[PDB]
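Student:
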Amino acid sequence: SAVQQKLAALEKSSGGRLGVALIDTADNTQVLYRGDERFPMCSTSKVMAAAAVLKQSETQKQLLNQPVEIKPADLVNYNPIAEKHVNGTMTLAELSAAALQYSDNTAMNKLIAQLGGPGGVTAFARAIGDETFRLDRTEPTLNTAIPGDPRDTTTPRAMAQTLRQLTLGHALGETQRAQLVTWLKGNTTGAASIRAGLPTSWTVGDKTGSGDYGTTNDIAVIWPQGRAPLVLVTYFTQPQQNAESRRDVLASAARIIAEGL
Ligand SMILES: *C(=O)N1C[C@H](NOS(=O)(=O)O)CC[C@H]1C(N)=O
Numbered sequence: 027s028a029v030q031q032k033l034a035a036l037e038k039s040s041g042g043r044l045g046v047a048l049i050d051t052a053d054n055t056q057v059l060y061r062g063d064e065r066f067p068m069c070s071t072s073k074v075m076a077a078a079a080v081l082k083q084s085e086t087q088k089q090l091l092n093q094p095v096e097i098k099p100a101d102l103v104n105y106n107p108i109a110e111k112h113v114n115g116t117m118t119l120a121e122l123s124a125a126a127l128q129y130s131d132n133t134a135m136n137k138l139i140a141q142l143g144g145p146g147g148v149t150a151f152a153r154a155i156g157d158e159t160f161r162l163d164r165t166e167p168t169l170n171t172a173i174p175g176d177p178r179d180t181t182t183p184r185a186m187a188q189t190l191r192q193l194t195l196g197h198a199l200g201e202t203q204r205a206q207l208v209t210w211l212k213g214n215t216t217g218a219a220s221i222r223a224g225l226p227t228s229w230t231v232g233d234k235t236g237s238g240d241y242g243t244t245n246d247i248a249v250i251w252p254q255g256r257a258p259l260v261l262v263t264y265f266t267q268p269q270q271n272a273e274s275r276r277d278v279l280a281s282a283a284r285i286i287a288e289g290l
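In structure tokens:
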């Protein structure tokens with residue numbers, strides 16, 4: 027299609043590998060580009076981990092308010108919130124917000140630990156019907172983004188379907204879905220990514236990610254003015270291990286998608 031032409035040209039100009047999956051919930055139409064190829068999720072995997080803890084809280088009713096110890100040795104490579112609470116505690120709700128809205132990697136490791144390790148995140152994915160997602164490692168090694176390595180990857184098609192079920196469908200209970208959407212809408216890291224390619228009047232909740241090989245990712249739920258929501262995944266990775274981030278490529282992909290509606 028014409029959108030296919032434009033996405034391919036954007037990819038060729040970028041020098042990297044671009045993966046796009048859109049679901050338009052107005053009519054269940056889709057736009059897919061490399062939609063069945065695996066890409067390293069990096070920090071976008073935090074959505075699955077926070078959602079899995081939310082699901083646990085449906086039956087452990089006070090789980091989100093349980094204190095979790097933060098030790099100096101727990102700090103990893105990017106810990107803007109957890110570093111303020113070392114030698115103290117944060118609750119699982121606070122850790123979820125830190126992971127999602129500030130992309131705190133120590134907070135993500137606490138979510139993973141609550142779930143019993145990376146396999147617990149994968150098990151939640153399987154429980155909600157996602158047979159493609161896999162989490163294999165903790166932070167920071169889940170971000171190595173090595174070409175051909177299936178660890179810590181998913182496909183754009185699978186992640187868009189799962190993000191729709193989590194934020195607009197019934198994979199979570201009503202209050203928990205609302206909490207996840209509230210957290211995504213309050214993200215601090217997203218203005219240069221999918222959001223930058225969309226009309227300013229549209230409402231976006233998103234989670235970004237980045238890693240080695242210049243990996244630059246964003247996954248979003250979008251409420252355009255006057256119409257039903259969209260779900261958009263944009264994943265991007267590059268040939269050189271030390272490549273620079275390319276958030277502009279994600280914005281350009283979203284802009285192409287928004288024009289083609
Ligand atoms: C997640 O991809 N990471 C944690 C933090 N995320 O910030 S981003 O979502 O704005 O990219 C830093 C980058 C990355 C990592 N390598 O840990």
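Under PDB author numbering, read the sequence shown as residues 27 to 57, 59 to 238, 240 to 252, 254 to 290, first letter to last.
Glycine residues also receive a C-beta, built at the ideal position from the N, C-alpha and C atoms.
DSSP three-state label for residue 153, please.
Tutor: Locating residue 153 in the sequence shown gives position 126, counting from the first residue. Correct three-state label for residue 153: helix.
Student: At a cut of 8 Å, does the segment 203-216 reach the segment 110-128 through at least three beta carbon pairs?
Tutor: Yes, since at least three Cβ pairs between the segment 203-216 and the segment 110-128 fall closer than 8 Å, the two stretches touch.
Student: In angstroms with no decimal places, state the Cα-to-Cα distance between residue 57 and residue 48.
Tutor: Taking the sequence shown and counting its residues from 1, the one referred to as residue 57 is at position 31. Taking the sequence shown and counting its residues from 1, the one referred to as residue 48 is at position 22. For residue 57 and residue 48, the distance between alpha carbons rounds to 5 Å.
Student: With a threshold of 7 Å, establish whether the CB of residue 170 neighbours any heavy atom of ligand 1.
Tutor: To locate residue 170, count along the sequence shown from 1; it is residue 143. Yes, the beta carbon of residue 170 sits closer than 7 Å to at least one heavy atom of ligand 1.
Student: Of the choices 275, 107, 251, whose alpha-carbon is the least far from that of residue 263?
Tutor: What you label residue 263 is simply residue 234 of the sequence shown in a count that begins at 1. For the residues 275, 107, 251, the minimum Cα distance to residue 263 belongs to 275.
Student: Please find out if some non-hydrogen atom of ligand 1 comes closer than 7 Å to the beta-carbon of residue 271.
Tutor: As a position in the sequence shown, residue 271 is number 242, starting the count at 1. Residue 271 Cβ: outside cutoff for every heavy atom of ligand 1.
Student: Which partner residues of residue 237 appear in the DSSP bridge assignment?
Tutor: Taking the first residue of the sequence shown as 1, we reach residue 237 at position 210. Its beta-bridge partners are 244.
Student: Measuring from the CB of residue 237, is there a heavy atom of ligand 1 at a distance below 7 Å?
Tutor: The count along the sequence shown starts at 1 and reaches residue 237 at position 210. Checking the Cβ of residue 237 against ligand 1 gives yes.
Student: What residues are listed by DSSP as bridge partners for residue 56?
Tutor: Here residue 56 corresponds to residue number 30 of the sequence shown, with the count starting at 1. Paired residue(s): 49.
Student: Tell me, which residues are paired with residue 43 by DSSP?
Tutor: Position 17 of the sequence shown, counted from the start, is the residue given in the question as residue 43. DSSP output for residue 43 lists 266 as bridge partner(s).
Student: CB residue 182 to CB residue 159, shorter than 8 Å?
Tutor: As a first step, residue 182 is located in the sequence shown; it is residue number 155 there, counting from the start. As a first step, residue 159 is located in the sequence shown; it is residue number 132 there, counting from the start. Cβ distance < 8 Å, so residue 182 and residue 159 count as in contact.
Student: Is residue 306 helix, strand or coil by DSSP?
Tutor: Since the displayed the chain opens at 27 and closes at 290, residue 306 lies outside it and no answer follows.
Student: Alpha carbon to alpha carbon, how far is residue 266 from residue 43?
Tutor: Locating residue 266 in the sequence shown gives position 237, where the first residue counts as 1. Locating residue 43 in the sequence shown gives position 17, where the first residue counts as 1. Each residue's Cα considered, the two are about 5 Å apart.
Student: What three-state label does DSSP hand residue 139 in the structure shown?
Tutor: What you label residue 139 is simply residue 112 of the sequence shown in a count that begins at 1. Three-state result, residue 139: helix.
Student: What do you get for residue 146, buried or exposed, if any count of 16 or more other CB atoms within 10 angstroms of its CB means buried?
Tutor: Position 119 of the sequence shown holds residue 146. Residue 146 is exposed by the Cβ-count criterion.
Student: By the 10 Å Cβ neighbour count, where 16 or more other Cβ atoms means buried, how is residue 168 classified, buried or exposed?
Tutor: Here residue 168 refers to the residue found at position 141 when the sequence shown is read from its first residue. It counts as exposed.
Student: Which same chain residues, not among the five before or five after residue 206, have their C-beta less than 7 Å away from its C-beta?
Tutor: Indexing the sequence shown from 1 puts residue 206 at position 179. Excluding positions up to five away in sequence, the list reads 81.
Student: Determine the closest residue to residue 119 out of 271, 91, 35, 259, with distance taken between C-alpha atoms.
Tutor: Translated into positions along the sequence shown, residue 119 becomes position 92. The shortest Cα separation from residue 119 among 271, 91, 35, 259 belongs to 91.
Student: The beta strand (DSSP E) with residue 94 in it runs from where to where?
Tutor: Working through the sequence shown from its first residue, we reach residue 94 at position 67. Looking at the DSSP string, the run of the beta strand (DSSP E) that includes residue 94 is 94-97.
Student: I'd like to confirm the pairing. Which residues does DSSP put opposite residue 251 in its beta bridges?
Tutor: Within the sequence shown, the letter at position 223 stands for residue 251. According to DSSP, which records beta bridges pairwise, residue 251 is partnered with 230.
Student: Classify residue 270 as buried or exposed, calling it buried when 16 or more other Cβ atoms lie within 10 Å of its own Cβ.
Tutor: By 1-based counting over the sequence shown, the position of residue 270 is 241. Under this definition residue 270 is an exposed residue.
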